[PDB]
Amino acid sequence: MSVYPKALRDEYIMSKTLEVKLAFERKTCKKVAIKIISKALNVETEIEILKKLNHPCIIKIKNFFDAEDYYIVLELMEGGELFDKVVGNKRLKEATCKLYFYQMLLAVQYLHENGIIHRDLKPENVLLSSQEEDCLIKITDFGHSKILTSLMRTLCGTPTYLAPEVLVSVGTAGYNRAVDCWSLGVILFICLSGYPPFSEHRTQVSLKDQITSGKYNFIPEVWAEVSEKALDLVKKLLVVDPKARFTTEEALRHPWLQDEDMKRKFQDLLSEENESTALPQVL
């Protein structure tokens, strides 16, 4: 027992669950997706982030409602979550991993260039544009995101009264974005092999110890099917030291991403999505 706000009902007809619901914009009769966040500062920042961003591999906000709960209107993603393509040891073919990963890299590079760190990249936050395996992907869930300081201002003065831990923190400052590159490394491992790199399944070593040591579970039988280049990129993103860890630029320059065929398929999917909204141009 509950109702939708009158302002939402005015513009949309709510439907099935995908908290995410299928809805229809009355004006166009087009399918939309409505994210319902229960009841503030994280939602306002998320909306502000979503509105400012403009990239084909990042979800766009269509509308927003601040009522009994928060209602976020987004583009519908027919393919659903990437999670559903990797769940229960299901694995994607290398070429599919590459097409998807390239887009995730472009999306995360864009975020980083724009002073945004996602902080929660997972297969459940990566959505697919269609039920076809060759599709566009979009990064979602900016609820844990951070905007890129008090350290810089502190450094301007004389450190007469400054604590040693603050001066020691100068070595590693400005490397928070590297958390996204680690997550991408974990996502890539899962896509390639169908299993997680770090887990509490059939092991004595604790999840914390596996992650800090950077000793992922390597199953040769599973990995033999995967190329040496794809595994080399995983290895370079799964680096413990955030200062040594591969950035989005380094990952995009890696030999595994140097595939003209995959890049062509991406641009082809791009023009296909844009064709419906393309306005005549000055020749």
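Residue positions are given as counts along the sequence shown, with the first one as 1.
Check: In at least one third of the other PDB entries compared, is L41 left unmodelled?
Finding: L41: unmodelled in a third or more of the comparison entries.
Next item on the list: Using none, 1 to 3, 4 to 9 or 10 or more, say how many deposited residues go missing between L148 and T149.
Entry: Gap between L148 and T149: 1 to 3 residues without coordinates.
Item checked: Unmodelled stretch of the deposited sequence separating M262 from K263, binned as none, 1 to 3, 4 to 9 or 10 or more -> Gap between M262 and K263: none, chain continuous.
Next item on the list: Would you determine, from the values in the PDB entry, which of 183 to 191 and 150 to 158 has the greater average C-alpha temperature factor?
Entry: Per the PDB record, 150 to 158.
Check: Which of the two stretches, 273 to 281 or 2 to 10, shows the higher mean Cα temperature factor in the record?
Finding: The deposited B-factors put 273 to 281 ahead on the C-alpha mean.
Checklist line | Member of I34, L233, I59, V226 with the greatest C-alpha B factor (per the PDB record) | finding: It is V226.
Next item on the list: Could you tell me which one of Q103, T140, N89, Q210 shows the highest CA temperature factor in the PDB record?
Entry: Checking the PDB record, the top C-alpha B-factor among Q103, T140, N89, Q210 is at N89.
Checklist line | For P242, the third of its chain into which the C-alpha B factor falls | finding: Lowest third - that is where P242 ends up once the chain's C-alpha B-factors are sorted.
Next item on the list: Would you mind checking where the Cα B-factor of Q204 ranks among the modelled residues of its chain, as the lowest, middle or highest third?
Entry: Its C-alpha B-factor belongs to the highest third of this chain's values.
Check: Relative to the other modelled residues in the chain, which third contains the C-alpha temperature factor of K98: lowest, middle or highest?
Finding: Its C-alpha B-factor belongs to the middle third of this chain's values.
Notebook entry, point to check: With respect to C-alpha B-factor, does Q258 fall in the lowest, middle or highest third of the chain as deposited?
Noted result: For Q258, whose C-alpha B-factor we compare with every modelled residue in the chain, the answer is the middle third.
Notebook entry, point to check: Ranked by Cα temperature factor within the chain, is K52 in the lowest third, the middle third or the highest third?
Noted result: Ranked within chain, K52 CA B lands in the highest tercile.
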